[PDB]
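Asker: Below is the sequence, then the experimental coordinates.
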Amino acid sequence: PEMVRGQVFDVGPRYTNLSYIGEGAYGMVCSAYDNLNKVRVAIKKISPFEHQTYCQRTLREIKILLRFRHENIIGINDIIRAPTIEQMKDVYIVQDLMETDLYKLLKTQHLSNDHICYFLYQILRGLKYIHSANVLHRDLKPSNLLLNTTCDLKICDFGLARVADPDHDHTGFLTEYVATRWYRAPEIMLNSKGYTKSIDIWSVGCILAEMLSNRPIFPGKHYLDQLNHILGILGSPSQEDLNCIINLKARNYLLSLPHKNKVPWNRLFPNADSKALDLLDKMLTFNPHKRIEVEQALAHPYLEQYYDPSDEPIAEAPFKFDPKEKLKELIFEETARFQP
Ligand SMILES: C[C@H]1CCCC(=O)[C@@H](O)[C@@H](O)CCCOc2cc(O)cc(O)c2C(=O)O1
């Protein structure tokens, strides 16, 4: 087998000429030459079977992506694993090879307004399909947004995804969470489990702001710092939005803070398109029930050059609802279609 960085990357013989690209959750990511389709591809190695949690993350991603088909969602081309459950230690996911990701792009490249507009449209177009399947991505961030050489965008990593469950979304104050800090909606710190579609819209809002200035808009330095940054820009919540927070510990925390004024978007982003800032404001709305939804965002005047509901498809079969040995067995079963 082809050793890579002192680790087994055993994808032969179809996939050869392997170059390191990055890291997934449970293994590295490599480029490789697909000797059948005569194209270079990306391959993610996964080693999850010793842990129930890693098996869950792997299973849900495979189950979702094997049913999803959308231009702005990177699909699974192939899955490589041993022929038997006894022998399967690793799983390799083969996907399209893209040129870069938005995280890497934002470190060095200033985006034109036309690029920001096209990138945002594709994110929302992909998100519309996802949400139409009753699925939440729940970890949208620049590093999960891939771009090819012609700036086509695809959404990656559904390992943190969940089926939407808005009736069971309420929880207590400062309860644990998994998604990436800087892209976490304020209600996550206050009273939400992240089971509603609005947590994804907040992340997209954070991404739009970051495309406008090449820096994260809410760079919280630890779990507790995140809410400081959000309120530092949005200002103090209104009485109406506080009344919507019925949990007493969360509401009383917000009531204990001194007044903060809203920072105008056009002062944070003096070069930004005014229509972009209007949409930004609607995505970064404090109250999730007032936060703009994906289909409304697509119809915003900022995206008028691209908006076409007949060219923004939705899922055929939405998802109705949601030991490691049983999970390995289900991963084996779910990947069987890619064997001879
Ligand atoms: C396999 C897929 C996993 C996506 C999810 C993921 O792990 C993230 O950490 C993301 O940051 C990927 C790092 C490198 O991911 C690529 C880089 C690149 O230059 C071209 C690509 O096609 C990919 C890719 O396909 O990533």
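Answerer: Received the coordinates, thanks. Numbers count the residues shown, from 1 in each chain.
Asker: Checking the residue positioned nearest the centre of the chain next. Helix, strand or coil?
Answerer: Centroid-nearest residue in the chain, with Cα atoms, centre = their mean: residue 140, separated by 2.4 Å. Using DSSP: H, G, I helix; E, B strand; the rest coil, the structure places residue 140 in coil.
Asker: Residue 332 too?
Answerer: Using three-state DSSP, the three-state assignment for residue 332 comes out as helix.
Asker: What residues does the stretch 151-300 of the chain have near the ligand?
Answerer: 156, 157 (Cβ under 6 Å from any ligand atom). No exception for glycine: its C-beta is placed from N, CA and C like everyone else's.
Asker: Count the residues that sit near the nearest residue to the residue nearest to the centre of the chain once chain neighbours are set aside.
Answerer: The shortest distance from residue 140 to any non-neighbouring residue, by Cβ to Cβ, 6 or more residues apart in numbering, is to residue 203 (3.8 Å). Neighbour count for residue 203, taken as other Cβ atoms under 10 Å: 24.
Asker: May I ask you to confirm that residue 203 is in contact with residue 142?
Answerer: No - with contact defined as Cβ atoms under 8 Å, residue 203 does not reach residue 142; the gap is 10.1 Å.
Asker: Which stretches in the stretch 101-250 of the chain count as strands?
Answerer: Listed in chain order, the strands of the stretch 101-250 of the chain (DSSP state E, counting those that start in this stretch) span 135-136, 145-147, 153-155, 162-163.
Asker: Partner strands of the first one and their direction?
Answerer: Sheet pairing of strand 135-136 (DSSP bridges) gives strand 162-163 (antiparallel).
Asker: interface residues of the stretch 1-150 of the chain facing the ligand?
Answerer: Within the stretch 1-150 of the chain, the positions adjacent to the ligand are 21-22, 24, 29, 42, 44, 74, 95, 97-98, 100-101, 143-144, 146 by Cβ under 6 Å from any ligand atom.
Asker: rerun that using 5 Å as the cut-off
Answerer: Contacts of the stretch 1-150 of the chain with the ligand, taken as Cβ under 5 Å from any ligand atom, map to 21, 22, 24, 29, 42, 44, 95, 97, 98, 101, 143.
Asker: Out of the residues you listed, which end up buried?
Answerer: 21, 24, 29, 42, 44, 95, 97, 98, 101, 143 (16 or more other Cβ atoms under 10 Å).
Asker: Which residue is the nearest non-sequential neighbour of the last one?
Answerer: Distance criterion Cβ to Cβ, 6+ apart; nearest residue to residue 143, sequence neighbours excluded, is residue 103 at 3.8 Å.
Asker: Tell me how many other residues surround residue 292.
Answerer: 20.
Asker: ok, now residue 222?
Answerer: Residue 222 has 8 neighbours, counted by other Cβ under 10 Å.
Asker: Report the contact partners of it.
Answerer: Contacts for residue 222 (Cβ atoms under 8 Å, 6 or more residues apart in numbering) come out as residue 181.
Asker: State the distance from it to residue 293.
Answerer: Relative to residue 293, residue 222 is positioned 31 Å away (Cβ to Cβ, to the nearest Å).
Asker: What of residue 231?
Answerer: Where residue 293 is concerned, residue 231 sits at a distance of 23 Å (Cβ to Cβ).
Asker: Same check on residue 9?
Answerer: Between residue 9 and residue 293 the distance is 42 Å, computed by Cβ to Cβ.
Asker: And these two? Which one has more around it.
Answerer: Legend: neighbour count by other Cβ under 10 Å for residue 9 and residue 293, higher for residue 9 (22 against 16).
Asker: So residue 160 sits against residue 179, correct?
Answerer: Yes - contact status for residue 160 versus residue 179: in contact at 6.3 Å, counting by Cβ under 8 Å.
Asker: which residues are in contact with both of the two?
Answerer: Joint contacts of residue 160 and residue 179 (Cβ under 8 Å, 6+ apart) are 138, 139.
Asker: Tell me which residues are up against stretch 21-41.
Answerer: 4-5, 7, 9, 11, 13-20, 42-48, 54, 57-58, 77, 90, 94-97, 157, 159.
Asker: buried residues in it?
Answerer: Buried residues in stretch 21-41 (16+ other Cβ under 10 Å): 21, 24, 26, 27, 28, 29, 30, 32, 33, 34, 41.
Asker: What of stretch 88-102?
Answerer: Buried positions in stretch 88-102, judged by neighbour count with 16+ other Cβ under 10 Å: 88, 90, 91, 92, 93, 94, 95, 96, 97, 98, 101, 102.
Asker: which residues does the residue nearest to residue 105 when sequence neighbours are not counted contact?
Answerer: If the residues on either side of it in the chain are set aside, residue 105 comes closest to residue 147, at 6.5 Å by Cβ to Cβ, 6+ apart. By Cβ under 8 Å, 6+ apart, the contact list for residue 147 reads 98, 99, 100, 101, 102, 105, 119, 153.
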